[PDB]
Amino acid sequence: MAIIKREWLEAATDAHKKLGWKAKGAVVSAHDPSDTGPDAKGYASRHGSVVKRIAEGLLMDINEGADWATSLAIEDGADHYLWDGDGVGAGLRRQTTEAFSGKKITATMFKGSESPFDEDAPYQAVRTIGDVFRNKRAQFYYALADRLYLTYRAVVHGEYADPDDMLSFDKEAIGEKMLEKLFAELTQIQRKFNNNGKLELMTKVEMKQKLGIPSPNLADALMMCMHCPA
């Protein structure tokens, strides 16, 4: 039921160096908050198709976490910042906009439970995006999985892909330890059965309660940065 293969992640590590392209596009950053207790918070940032930061936020309350993550976004030169507003982060818009006062950084609340972005458009690569994906959580995790698979095929099988459709992890920038923590979370993201034939993923709560998997906040942060708001 897992949606991302470890081999794709290994291939995608420094794929831009392996294939000879560099980061181009906006800088997109995202934060997965957590209450105040056991589970580390998450942050991810990319410059175009190259991931440059994966960070864990430890021993922080919800507001300290948002300060931490928005400060990283500023440090990373983000053009866009997203955060999870489905849970305890639902109240963070004021603090987030305050943090970005006077800076050209957009702030977007991501709610994975919502119907997919652009759900009436045809599905690519009569069937629409909304027929395929239950919600944004599924849509953007599959955006991630699709980028990774294409990168694997390019790096390992020599099949051309546009760098804009791939994803590379900058290992030197991110750091080996944090990259490994991310990969260990990503390989646990899984599909669940859906009675309307749509792609749907387990939520963080379900993963913990059913499989004893700690909240994958690094993975979810990276997933959210797949959406570049319009």
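Start at 1 with the first residue shown and count on from there.
Stretch with the higher entry mean CA B-factor, where the candidates are 197 to 205 and 35 to 43
Averaging CA B-factors over each stretch, the winner is 35 to 43.
Take the C-alpha B-factors listed in the entry for 149 to 157 and for 126 to 134, compute each mean, and give the stretch with the larger one.
Stretch with the higher mean C-alpha B-factor: 126 to 134.
Highest recorded Cα temperature factor - choice among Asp165, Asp170, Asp67, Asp61
Most elevated C-alpha B-factor of the set, per the entry: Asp61.
Highest recorded Cα temperature factor - choice among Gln139, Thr106, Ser71, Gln95:
Spelled out: the listed residue with the top C-alpha B-factor is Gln95.
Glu119 - which third its CA temperature factor falls in, relative to the rest of the chain:
According to the entry, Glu119 has a C-alpha B-factor in the chain's highest third.
By the recorded C-alpha temperature factor, relative to the other modelled residues in its chain, which third is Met224 in?
Its C-alpha B-factor, which the entry lists for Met224, ranks in the lowest third among residues of this chain.
For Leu211, the third of its chain into which the C-alpha B factor falls
CA B-factor rank for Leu211: highest third.
Within-chain third of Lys52 by Cα B-factor, per the entry:
Its C-alpha B-factor, which the entry lists for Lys52, ranks in the lowest third among residues of this chain.
Lowest, middle or highest third: which one holds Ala90 when the chain's residues are ordered by CA B-factor from the entry?
Its C-alpha B-factor, which the entry lists for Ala90, ranks in the highest third among residues of this chain.
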